[PDB]
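Asker: Have a look at this one.
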Amino acid sequence: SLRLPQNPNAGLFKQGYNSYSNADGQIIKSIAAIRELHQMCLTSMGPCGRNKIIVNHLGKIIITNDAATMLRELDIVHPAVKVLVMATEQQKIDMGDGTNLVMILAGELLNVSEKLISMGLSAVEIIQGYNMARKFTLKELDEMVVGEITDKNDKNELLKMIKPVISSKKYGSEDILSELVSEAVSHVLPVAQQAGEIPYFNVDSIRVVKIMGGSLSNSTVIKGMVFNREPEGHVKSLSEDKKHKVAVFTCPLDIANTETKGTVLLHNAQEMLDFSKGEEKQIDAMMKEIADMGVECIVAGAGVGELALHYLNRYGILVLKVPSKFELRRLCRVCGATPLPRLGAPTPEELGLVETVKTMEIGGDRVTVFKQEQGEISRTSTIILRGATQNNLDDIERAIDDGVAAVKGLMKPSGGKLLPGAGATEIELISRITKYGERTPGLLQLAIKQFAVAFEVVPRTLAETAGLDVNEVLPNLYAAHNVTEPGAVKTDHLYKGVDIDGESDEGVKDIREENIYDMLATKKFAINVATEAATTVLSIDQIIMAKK
Amino acid sequence: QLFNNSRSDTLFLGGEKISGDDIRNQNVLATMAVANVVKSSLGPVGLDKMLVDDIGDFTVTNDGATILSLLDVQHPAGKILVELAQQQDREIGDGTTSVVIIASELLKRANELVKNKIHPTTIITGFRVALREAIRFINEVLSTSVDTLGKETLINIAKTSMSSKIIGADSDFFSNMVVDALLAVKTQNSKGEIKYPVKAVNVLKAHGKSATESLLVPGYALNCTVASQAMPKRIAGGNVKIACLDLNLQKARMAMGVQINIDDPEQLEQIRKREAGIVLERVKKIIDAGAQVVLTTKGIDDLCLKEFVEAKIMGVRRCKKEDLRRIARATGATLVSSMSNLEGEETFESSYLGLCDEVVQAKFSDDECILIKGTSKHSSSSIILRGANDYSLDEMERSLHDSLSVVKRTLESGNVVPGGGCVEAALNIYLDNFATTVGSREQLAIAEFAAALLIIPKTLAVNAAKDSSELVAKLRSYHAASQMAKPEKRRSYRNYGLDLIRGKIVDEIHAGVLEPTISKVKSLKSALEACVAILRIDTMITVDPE
Amino acid sequence: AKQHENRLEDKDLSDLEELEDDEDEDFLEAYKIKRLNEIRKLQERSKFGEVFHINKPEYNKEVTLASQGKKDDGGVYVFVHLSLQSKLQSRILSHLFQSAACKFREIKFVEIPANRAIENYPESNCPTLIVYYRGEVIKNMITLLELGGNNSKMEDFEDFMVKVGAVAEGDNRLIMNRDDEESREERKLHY
Amino acid sequence: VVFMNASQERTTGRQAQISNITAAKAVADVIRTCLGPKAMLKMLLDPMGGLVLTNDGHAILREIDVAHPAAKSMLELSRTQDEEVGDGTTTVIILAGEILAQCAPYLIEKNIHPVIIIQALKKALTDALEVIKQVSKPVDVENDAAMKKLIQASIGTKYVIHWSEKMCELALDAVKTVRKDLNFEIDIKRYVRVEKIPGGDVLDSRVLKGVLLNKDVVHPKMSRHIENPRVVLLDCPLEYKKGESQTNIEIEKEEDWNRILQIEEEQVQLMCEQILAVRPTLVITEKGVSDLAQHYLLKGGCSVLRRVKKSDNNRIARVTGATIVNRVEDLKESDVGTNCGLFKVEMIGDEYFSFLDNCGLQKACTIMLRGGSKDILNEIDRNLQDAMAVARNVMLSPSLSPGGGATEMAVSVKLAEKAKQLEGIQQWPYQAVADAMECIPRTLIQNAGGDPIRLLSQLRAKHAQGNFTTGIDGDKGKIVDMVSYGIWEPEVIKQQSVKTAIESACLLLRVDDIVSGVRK
Ligand SMILES: Nc1ncnc2c1ncn2[C@@H]1O[C@H](COP(=O)(O)OP(=O)(O)O)[C@@H](O)[C@H]1O
Ligand SMILES: Nc1ncnc2c1ncn2[C@@H]1O[C@H](COP(=O)(O)OP(=O)(O)O)[C@@H](O)[C@H]1O
Ligand SMILES: Nc1ncnc2c1ncn2[C@@H]1O[C@H](COP(=O)(O)OP(=O)(O)O)[C@@H](O)[C@H]1O
Ligand SMILES: [Mg+2]
Ligand SMILES: [Mg+2]
Ligand SMILES: [Mg+2]
């Protein structure tokens, strides 16, 4: 009476282990545990989304409005929330676009499932309901598609691609940020029209180097690349035309020492006198074959000796440090050189082509530039991103990664296959999925119905973040899809969507003239991985933890 | 704010020393820290709060009168706002939430004037000339309350006091209740001056049906239990006599320091009998008077209960002093502290007894209450509030108690003004033209004083979770044309405010919301006198306890 | 554990009769004989009951010998009062002595003028309250600002007697423990 | 420089409401399985050590101390429902939780203001009382056969449904005894006595109209069997009353001390002679009795019993009609009780019990419950309190309604028809009230072990045809009408439930900030 028996036969397992079954409203608590961090994502989706401060134990801060990025640093206790972390991590790695959406949907499917489990629907039927809804959802995304790119390189078409992507992360001004990406995409692409070759594009080609100071308007698009290096011997503006040559060596510019106990041995004074001059003549003789080929800059892979440096700057050969593997490989793709570890003569076919190598003050430190010209184009271009706050450089840099990741979406499938944005693609599926529930019989119809109700979060979120009342903006938009028999045949009611700024009522003046669209490849895997996030959380009825 | 200052550098004080603009900033954050809990409770869109005493007990409260009294603050600059909330509850009885927000913003908006090298003496002078100019403008714009032939100058007054409460939806039912209650308990004093004693009506903490089905008692309801269970509970028939006694009726000892001493043991039993008999002689003459109902402040011993059970008299013990004066005042009796007269004899006259039509004891959810109705000489009233529990009824008790004070003032002073931040927005347009006339440095003081008055209509929109600038800009547009009305009624664009349930600007006279002008007068002076007290402080000297 | 002890500890000889029908006779009457013996000891110890207005020669006996009592260490507390009729606190303390004398008959209540007590005593320090016990001074109390001053009451004086060990904490005669009959009547009805 | 000794930090915004609504859901989850005829039982470990086995809602909530302050508003609803009626306590908690649970995704999702929801609940409550008035009907109150099945409705959830034939007769005779003519039924539970006797058999019981005392006579010569007893109630002790004046006697002569003790004997002699002025046969006193006074009452045969409680003396007064008189001088023949009989003291080894029976319409009785343990005696005793609690309202008002989820379903169907007809901003929370009444039928079905998705789906189509008396059976789970079985409850239970559920939701929905540290 004074004390319970405190759960007998509990010594089967350790004291730290705990069980969590579906009963006792614990599945409702797991939905509430998702609801804690899901509401943090409500303020972070859309162009009016708000970034988030995340102070780690080390003190490294990252400011961001994306989900996959913010969830990396937060240490999570609930395992069901970690499914959303790895689900968004999969979204960032594969497609690099549409992660707030994964969280927003996989969280609202669990929200509407709170009503379904409370009604009395078995968990097995819930998975069958969303799977049958998923097959119809992915089918209709291919049907209501409009428009296509059909050209890899164009000035006006890239404005339709990059601009709606970076509009979520650090909107700012539209033109100054979009032109930096569309100019850099055209440099790296192998155009090769009327040849029948397979296109190819690498995410690691376009890379952004962060430099403090300046303003966002002063950002330029560099053909080549840049490091924060210092030439050792001398600096040269290189005002001499008639382009220079490039030779890349991965080994250090020094005498190839013996790997096993390299030690001097001098038996008599005759070897003592010649050993000091032998190293000078040997290093000089190797530079003669290198210098006669007309090379004026050599990129070293490791530490360079002083004696080798004395003969390099004699003939005015520039030295560059790249003490890492990937930093040396990215530079060969610009000039198109084939490195060889030997210290002999570079082959003439393997020598690279760089016209000028300038050294100027951008951020107060010494930097080396490798700008090419219109002739003999190169790939793996960089973008000089100027800004005041280092935290803003980090989020804008990842926005270029999201934009570069969107360019990857054009290579693998047959084409662009753009969709209407601004909630139009979500609100259209609500009517189609609702009609699909009426066609199918059985107790799964409520699962099909709640699956459509979960898609309202995109227009509800954009209306809440835009400072508008969602009770008036949402049903005003339903009138465009509740309508029938209106004059025009060629119907233009599909482009109606929400609006962040402007006219009252809100149905946007089309997403058309506005030139904002969404990618099909993002919506396919996002709805697939979001449904898998809700499937794995709803399919499990018992959870076991340890130590907490 | 940044860091702690040096502790008595070549000054030799046992406590702490601080000076400069740092303490002036701490007073602003101190007034804003205590005002943030009052922000969300303002207006009908505000929500209630609960204060936990770390013993399980909690109480729901909306008004900042008792909230700040319960919140034990140690900073003395915040204590003035705590006492300001208690001060405004005593005199006016309404607007405790508004003076804290107004006084805090006047100090907050004046904080910018401090670092402009404007002295506080010049700032308060600019505030004071704006005050007396605002009081005269309030005296020009207000209106008397006979107002119209229909009443509804009292049904609409109750809605303003009843708003922002749990029973604000039921204010249509309770509006008729409060006006019928205070019109019954009026009195006469000072040769024609009518008074309305607040708290004279009995607010009972009943549980049961709902707040909508709360029956208004046409008479006073005494909250006390019956002595014995074998007594008659219901007494019918007209002209029921009410006896109000206060003397000690239980058997008591002799004088406070005397000792009973007797040699003859024969009379030892006789002195015991007369001590038991002398207390029953008082009960004998009350039965001869024929008092059906008798009420006593002190206890009632079993020696007296047998006579009341036999003669069918309703004896009730454990009455309080303040209640029996209202029973005697309502039923027409007079308070009897002891039975005597100018002559040497001891007797009881029938004129001391009151009169009422019916007395019935009722029980509802373990709450026995004696319902006294039909007082012949003067009417009375009581309100039986019904809800979930006692802690929810405490909010209703404060809601009703504040409603009586507001309806008290509109009858004592017929002048009223509309709500919804009308006068707060009208004074800004009046003071801007006056600020340019005075010329010199007081323009910024009068201007920033006017900007601080706009916080009342702004807080109504912020707590509503709607767009505030559109409502303020539209309210600004109509009030801007009021000063330039160009008289020849067609004097429109005045007496308008915010409508939060719909989000539009409509006429407050037709909407049915008003407030007395005297509440605006005392709130502005008490808010400015509190602002004068905080601005004039320069350096703090906190002495640690020995 | 305390529920079994409250049956006997929290009931006097008059209150122990309540449990005559409920509890066992041998359990109850065994304790009533114990409490009855304690009542008889207090009657034998009741050697006092009014203020002893004494004079000095006698002090050397009344105040001190008494404090020894039987000298079985039968000690006796002796509250002395150096009275001064000009002071207002002295007349208040004289009333408390006679009131407490009628209740606590075992404790001796002594009074004497302060001018006759000590040669050239400071009038400002009067009224003075001394408490002797077995010849030793237990408490040399100063003027009644500690006990409220001018607003001193009978409840404050009885509380002081418990601190010096003159009266037990749970004594039925103390006003703190001596609840009114009307108070206990309401408790039984609401129980 | 904290500025606040009581929670300078604050939990404001929507997170305070999540803690409030989730706490309101948690108090309903621990008693979700405590509804219907197949409901389970619970055990509570109080710190004093007195265990109790309970299924009624009021006994569960009152013995559970909760640290969450917002939850405590839900804990007190069963306390309010108990003192008002005494039946239907569990439905108020789960209904209030479903209203708060259904109204949760509107501030999060729709961002609708709370004060608009407050207006929506009042109009729903106004329509809820309207349709309950339409669904209810009157019946005859004087038919004893009809009263048995109404008492059996609340008994069906409890353990004593197996003895429902005995419990209905046990409670129907008791409530009719204390009932009188004069709110037309002013009788009160305080007059009804229920003495718990461990041991015996629950099947053997009877409604004796009297007052059962738990003590023995004071002297052995007294006869324990009286044919025509005469009850006289007294407040004065038969002992010598000590004067509160503290009178001291100065004895100088030798005969004074002997005369005092002779006056003590003479006073008890004169006092006992006045008792015999009206020659009683049974005397009752609430105070002690001296051994000197016992001898003088032997000649008259005045049986005395001492240390009787104050409430028991009032219950003895109403049965026998005797008047409580303190002094012994004012005894008259009218003061002496009459129309009493069957005074007998049954010998039981535990304690001595004395019975009473009759031959100023107020009456009283004592229900002697027999069982197997003291804890289940409290269970059957609380069922008696529930047995008469359901019987008061049918006697107060003749109005009557069905139950078993049917009356709650009728509220949801009528509200759902007019919810689409409203077409305004308040219609979203107005639909939540119609969905909130579905928990009760659902709860009943779930406990019964049926499939609630299809049983309630056809129940929607069944009530759409235009009938209201169709409920859900608790054993097998049919859609059979309750007219055949006879599940009927009063209207006051469902009226107090929807009122207390709506009024409790209005209290808790208007909270946005939580603070502590006051220490009043
Ligand atoms: N200016 C705008 N007007 C209307 N809709 C917009 C605008 N900018 C963005 N959107 C919509 O907001 C949505 C936000 O998508 P989001 O998940 O943030 O993309 P990302 O994966 O880059 O984070 C887009 O799908 C787009 O349709
Ligand atoms: N129905 C309403 N419409 C517009 N404004 C209102 C309404 N009710 C109250 N107010 C405003 O709220 C302010 C303060 O209200 P009050 O009743 O004092 O709140 P509390 O009772 O919490 O002190 C008033 O100045 C008034 O203008
Ligand atoms: N055998 C049954 N068949 C159908 N409904 C039942 C049955 N037993 C009980 N009920 C329903 O369950 C409810 C239980 O009421 P009761 O146990 O008295 O209080 P509470 O509702 O608080 O548990 C009744 O209102 C009744 O309608
Ligand atoms: Mg995007
Ligand atoms: Mg008010
Ligand atoms: Mg019940």
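Ligands are numbered from 1 in the order shown, residues from 1 within each chain, and chains are lettered A, B, ... in the order they appear in the structure tokens.
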Return as a count of residues only the full set of residues in region 402-495 of chain A whose backbone-based DSSP assignment is helix (DSSP H, G or I).
Answerer: 53
Asker: I need the chain C residues near chain D as a tab-separated table (two decimals) with N, CA and C atoms, in the first residue's frame; criterion: at most 8 Å, counting only C-alpha atoms.
Answerer:
chain	number	residue	atom	x	y	z
C	17	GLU	N	-12.25	9.76	28.09
C	17	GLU	CA	-13.52	9.06	28.25
C	17	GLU	C	-14.29	8.93	26.94
C	18	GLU	N	-13.95	9.71	25.91
C	18	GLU	CA	-14.58	9.56	24.60
C	18	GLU	C	-14.34	8.17	24.02
C	21	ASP	N	-16.18	3.58	24.84
C	21	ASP	CA	-16.99	2.63	24.08
C	21	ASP	C	-16.26	2.04	22.88
C	189	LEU	N	-18.51	18.66	13.39
C	189	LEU	CA	-19.59	18.72	12.40
C	189	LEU	C	-19.05	18.59	10.98
Asker: Could you report the residues within 6 Å of ligand 5, using only C-alpha atoms and all ligand atoms, as a PyMOL selection string?
Answerer: chain B and resi 94-95+161
Asker: Write out as a PyMOL selection string each polymer residue (protein, DNA or RNA) that has an atom no more than 7 Å from ligand 4, with only C-alpha atoms and all ligand atoms counted.
Answerer: chain A and resi 97-98+164-166+168
Asker: Step by step, measure atom-to-atom distances between ligand 6 and each residue using only C-alpha atoms and all ligand atoms, keep those at most 10 Å, then write them as a list in words.
Answerer: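 Counting only C-alpha atoms and all ligand atoms, the residues within 10 Å of ligand 6 come out as residues 34, 35, 36, 55, 56, 57, 58, 82, 86, 87, 88, 89, 90, 91, 153, 154, 155, 156, 157, 158, 383, 386, 387, 389, 390 and 493 of chain D.
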Asker: Could you give me the residues within 7 Å of ligand 2, counting only C-alpha atoms and all ligand atoms, as a list in words?
Answerer: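 The distance check yields residues 41, 42, 43, 44, 62, 63, 94, 95, 96, 97, 98, 159, 160, 161, 162, 163, 164, 165, 419, 420, 421, 497, 498, 499, 500 and 513 of chain B.
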Asker: For the residues in that selection, give me N, CA, C and O atoms as a tab-separated table (two decimals), in the first residue's frame.
Answerer:
chain	number	residue	atom	x	y	z
B	41	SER	N	-3.42	40.63	-21.80
B	41	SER	CA	-4.70	40.63	-21.11
B	41	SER	C	-5.58	41.84	-21.46
B	41	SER	O	-6.65	41.98	-20.87
B	42	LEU	N	-5.16	42.69	-22.40
B	42	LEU	CA	-5.89	43.91	-22.72
B	42	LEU	C	-6.89	43.66	-23.84
B	42	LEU	O	-6.56	42.98	-24.83
B	43	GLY	N	-8.09	44.20	-23.69
B	43	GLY	CA	-9.10	44.16	-24.72
B	43	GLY	C	-9.87	42.86	-24.73
B	43	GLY	O	-9.49	41.90	-24.05
B	44	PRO	N	-10.97	42.78	-25.49
B	44	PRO	CA	-11.72	41.52	-25.56
B	44	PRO	C	-10.94	40.37	-26.17
B	44	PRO	O	-11.20	39.21	-25.82
B	62	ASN	N	-7.60	37.65	-15.17
B	62	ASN	CA	-7.39	38.45	-16.38
B	62	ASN	C	-6.90	39.85	-16.05
B	62	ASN	O	-5.95	40.35	-16.66
B	63	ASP	N	-7.54	40.51	-15.08
B	63	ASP	CA	-7.17	41.87	-14.71
B	63	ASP	C	-5.83	41.89	-13.99
B	63	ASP	O	-5.53	40.99	-13.20
B	94	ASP	N	-11.84	49.93	-12.42
B	94	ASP	CA	-11.69	49.42	-13.78
B	94	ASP	C	-10.52	50.13	-14.44
B	94	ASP	O	-10.19	51.27	-14.11
B	95	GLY	N	-9.88	49.43	-15.38
B	95	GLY	CA	-8.75	49.96	-16.11
B	95	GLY	C	-7.41	49.75	-15.46
B	95	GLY	O	-6.47	50.50	-15.75
B	96	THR	N	-7.27	48.74	-14.59
B	96	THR	CA	-5.97	48.46	-13.99
B	96	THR	C	-4.97	47.97	-15.03
B	96	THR	O	-3.77	48.24	-14.91
B	97	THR	N	-5.44	47.25	-16.04
B	97	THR	CA	-4.59	46.79	-17.13
B	97	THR	C	-4.09	47.92	-18.03
B	97	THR	O	-3.03	47.77	-18.65
B	98	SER	N	-4.81	49.04	-18.11
B	98	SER	CA	-4.48	50.11	-19.03
B	98	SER	C	-3.45	51.08	-18.46
B	98	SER	O	-2.60	51.59	-19.21
B	159	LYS	N	-21.48	45.93	-21.12
B	159	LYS	CA	-20.73	45.15	-22.10
B	159	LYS	C	-19.25	45.53	-22.11
B	159	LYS	O	-18.40	44.67	-22.35
B	160	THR	N	-18.93	46.80	-21.84
B	160	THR	CA	-17.53	47.21	-21.81
B	160	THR	C	-16.81	46.61	-20.61
B	160	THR	O	-15.68	46.12	-20.74
B	161	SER	N	-17.44	46.63	-19.44
B	161	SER	CA	-16.83	46.03	-18.26
B	161	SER	C	-16.82	44.51	-18.34
B	161	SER	O	-15.89	43.87	-17.85
B	162	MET	N	-17.84	43.92	-18.97
B	162	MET	CA	-17.94	42.47	-19.10
B	162	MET	C	-17.08	41.90	-20.22
B	162	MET	O	-16.90	40.68	-20.27
B	163	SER	N	-16.55	42.73	-21.11
B	163	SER	CA	-15.69	42.23	-22.17
B	163	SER	C	-14.36	41.75	-21.58
B	163	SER	O	-13.97	42.11	-20.46
B	164	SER	N	-13.67	40.91	-22.36
B	164	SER	CA	-12.38	40.34	-21.99
B	164	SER	C	-12.46	39.40	-20.79
B	164	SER	O	-11.46	39.19	-20.10
B	165	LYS	N	-13.64	38.81	-20.53
B	165	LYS	CA	-13.87	37.88	-19.44
B	165	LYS	C	-14.34	36.54	-20.01
B	165	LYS	O	-14.66	36.42	-21.20
B	419	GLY	N	-15.62	53.53	-26.51
B	419	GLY	CA	-14.43	52.72	-26.37
B	419	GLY	C	-13.71	52.52	-27.69
B	419	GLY	O	-13.85	53.30	-28.63
B	420	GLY	N	-12.93	51.45	-27.75
B	420	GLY	CA	-12.19	51.12	-28.95
B	420	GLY	C	-11.06	52.06	-29.28
B	420	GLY	O	-10.68	52.16	-30.46
B	421	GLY	N	-10.49	52.74	-28.29
B	421	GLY	CA	-9.40	53.66	-28.55
B	421	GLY	C	-9.79	54.92	-29.27
B	421	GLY	O	-8.96	55.50	-29.98
B	497	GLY	N	-14.23	53.48	-33.61
B	497	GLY	CA	-13.15	52.70	-33.06
B	497	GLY	C	-13.02	51.39	-33.81
B	497	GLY	O	-13.60	51.21	-34.88
B	498	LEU	N	-12.26	50.48	-33.22
B	498	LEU	CA	-12.01	49.18	-33.83
B	498	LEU	C	-13.11	48.19	-33.46
B	498	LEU	O	-13.62	48.20	-32.34
B	499	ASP	N	-13.47	47.34	-34.42
B	499	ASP	CA	-14.36	46.20	-34.22
B	499	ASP	C	-13.54	44.95	-34.52
B	499	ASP	O	-13.28	44.63	-35.68
B	500	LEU	N	-13.13	44.24	-33.46
B	500	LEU	CA	-12.15	43.17	-33.60
B	500	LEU	C	-12.76	41.86	-34.09
B	500	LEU	O	-12.07	41.11	-34.79
B	513	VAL	N	-21.02	50.00	-27.00
B	513	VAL	CA	-19.87	49.98	-26.09
B	513	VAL	C	-19.58	51.42	-25.68
B	513	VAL	O	-19.45	52.30	-26.53
Asker: Can you list, as a PDB file with N, CA and C atoms, in the first residue's frame, every protein, DNA or RNA residue that comes within 10 Å of residue 293 (chain D) when you count only C-alpha atoms, leaving out same-chain residues fewer than 6 positions away?
Answerer:
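The result, written out as selection.pdb:
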ATOM      1  N   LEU D 238     -25.653  13.460  31.887  1.00  0.00           N
ATOM      2  CA  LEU D 238     -26.116  12.932  33.163  1.00  0.00           C
ATOM      3  C   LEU D 238     -25.074  13.086  34.266  1.00  0.00           C
ATOM      4  N   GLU D 239     -23.802  13.264  33.912  1.00  0.00           N
ATOM      5  CA  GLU D 239     -22.766  13.604  34.873  1.00  0.00           C
ATOM      6  C   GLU D 239     -23.020  15.000  35.439  1.00  0.00           C
ATOM      7  N   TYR D 240     -22.268  15.352  36.478  1.00  0.00           N
ATOM      8  CA  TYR D 240     -22.352  16.684  37.064  1.00  0.00           C
ATOM      9  C   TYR D 240     -21.595  17.671  36.185  1.00  0.00           C
ATOM     10  N   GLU D 265     -25.374  14.242  45.230  1.00  0.00           N
ATOM     11  CA  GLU D 265     -26.313  13.132  45.111  1.00  0.00           C
ATOM     12  C   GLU D 265     -27.748  13.635  45.006  1.00  0.00           C
ATOM     13  N   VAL D 268     -28.344  14.919  41.331  1.00  0.00           N
ATOM     14  CA  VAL D 268     -28.561  13.809  40.410  1.00  0.00           C
ATOM     15  C   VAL D 268     -29.878  13.111  40.728  1.00  0.00           C
ATOM     16  N   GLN D 269     -30.250  13.056  42.010  1.00  0.00           N
ATOM     17  CA  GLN D 269     -31.541  12.490  42.387  1.00  0.00           C
ATOM     18  C   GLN D 269     -32.687  13.342  41.852  1.00  0.00           C
ATOM     19  N   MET D 271     -32.472  15.500  39.429  1.00  0.00           N
ATOM     20  CA  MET D 271     -32.386  15.500  37.973  1.00  0.00           C
ATOM     21  C   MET D 271     -32.985  14.233  37.377  1.00  0.00           C
ATOM     22  N   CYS D 272     -32.744  13.078  38.001  1.00  0.00           N
ATOM     23  CA  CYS D 272     -33.305  11.831  37.492  1.00  0.00           C
ATOM     24  C   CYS D 272     -34.800  11.731  37.765  1.00  0.00           C
TER      25      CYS D 272
END
Asker: Fewer than 6 positions away in the same chain doesn't count, so skip those; otherwise give me all residues within 10 Å of residue 115 (chain C), counting only C-alpha atoms, as an mmCIF file with C-alpha atoms, in the first residue's frame.
Answerer:
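Writing the result to part.cif gives the following:
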data_model
loop_
_atom_site.group_PDB
_atom_site.id
_atom_site.type_symbol
_atom_site.label_atom_id
_atom_site.label_comp_id
_atom_site.auth_asym_id
_atom_site.auth_seq_id
_atom_site.Cartn_x
_atom_site.Cartn_y
_atom_site.Cartn_z
ATOM 1 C CA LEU C 82 10.789 44.986 39.745
ATOM 2 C CA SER C 83 7.696 47.174 39.556
ATOM 3 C CA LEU C 84 7.716 50.922 38.920
ATOM 4 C CA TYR C 121 18.500 51.343 39.892
ATOM 5 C CA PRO C 122 18.042 53.002 36.462
ATOM 6 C CA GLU C 123 14.390 53.957 36.079
ATOM 7 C CA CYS C 126 12.302 49.248 34.462
#
Asker: Compute the chain B side of the contact with chain D at 8 Å, counting only C-alpha atoms, and hand it back as number ranges by chain.
Answerer: B: 30, 33, 44-45, 47-58, 70-75, 78, 166, 169, 207-210, 228-230, 252-254, 259-266, 272, 302-303, 306, 309-310, 364-366, 387-389, 392, 464-465, 501
Asker: List as a ChimeraX atom specification the protein and nucleic acid residues lying within 7 Å of ligand 1, with only C-alpha atoms and all ligand atoms counted.
Answerer: /A:45-47,66,97-101,164-169,402,421-423,498-500,511,516-518
Asker: Taking only C-alpha atoms into account, find every residue of chain D that has an atom no more than 7 Å from chain A, and write it out as a list in words.
Answerer: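 Taking only C-alpha atoms into account, residues 45, 47, 49, 51, 110, 452 and 453 of chain D sit within 7 Å of chain A.
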Asker: Grab the residues selected above and save them as a CSV table (one decimal), in the first residue's frame with N, CA, C and O atoms.
Answerer:
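Okay, again08.csv is ready:
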chain,number,residue,atom,x,y,z
D,45,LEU,N,-3.1,4.1,-4.5
D,45,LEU,CA,-2.2,3.9,-3.3
D,45,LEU,C,-2.1,5.3,-2.7
D,45,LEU,O,-1.2,6.1,-3.1
D,47,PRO,N,-1.0,8.0,0.2
D,47,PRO,CA,0.1,8.0,1.1
D,47,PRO,C,-0.2,7.6,2.6
D,47,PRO,O,0.6,7.1,3.3
D,49,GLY,N,-2.1,5.1,3.3
D,49,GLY,CA,-2.1,3.6,3.2
D,49,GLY,C,-3.5,3.0,3.0
D,49,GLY,O,-3.6,1.8,2.9
D,51,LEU,N,-6.2,1.8,0.9
D,51,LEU,CA,-6.5,1.5,-0.5
D,51,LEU,C,-8.0,1.6,-0.8
D,51,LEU,O,-8.8,1.5,0.1
D,110,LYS,N,-5.7,26.8,-38.6
D,110,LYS,CA,-6.5,27.9,-39.2
D,110,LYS,C,-6.2,29.2,-38.6
D,110,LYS,O,-6.6,30.3,-39.2
D,452,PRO,N,-15.2,-0.1,-34.4
D,452,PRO,CA,-16.0,1.1,-34.3
D,452,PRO,C,-16.2,1.8,-35.7
D,452,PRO,O,-17.0,2.6,-35.8
D,453,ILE,N,-15.3,1.5,-36.7
D,453,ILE,CA,-15.4,2.2,-37.9
D,453,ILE,C,-16.6,1.9,-38.7
D,453,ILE,O,-17.3,2.8,-39.3
Asker: Tell me, as a count of residues only, which residues lie within 8 Å of region 44-56 of chain C, counting only C-alpha atoms; anything in the same chain fewer than 4 positions away does not count.
Answerer: 18
Asker: What residues in chain B lie within 10 Å of chain C, counting only C-alpha atoms, written as a list in words?
Answerer: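 On the chain B side, the interface is residues 250, 257, 259, 299, 300 and 301 of chain B.
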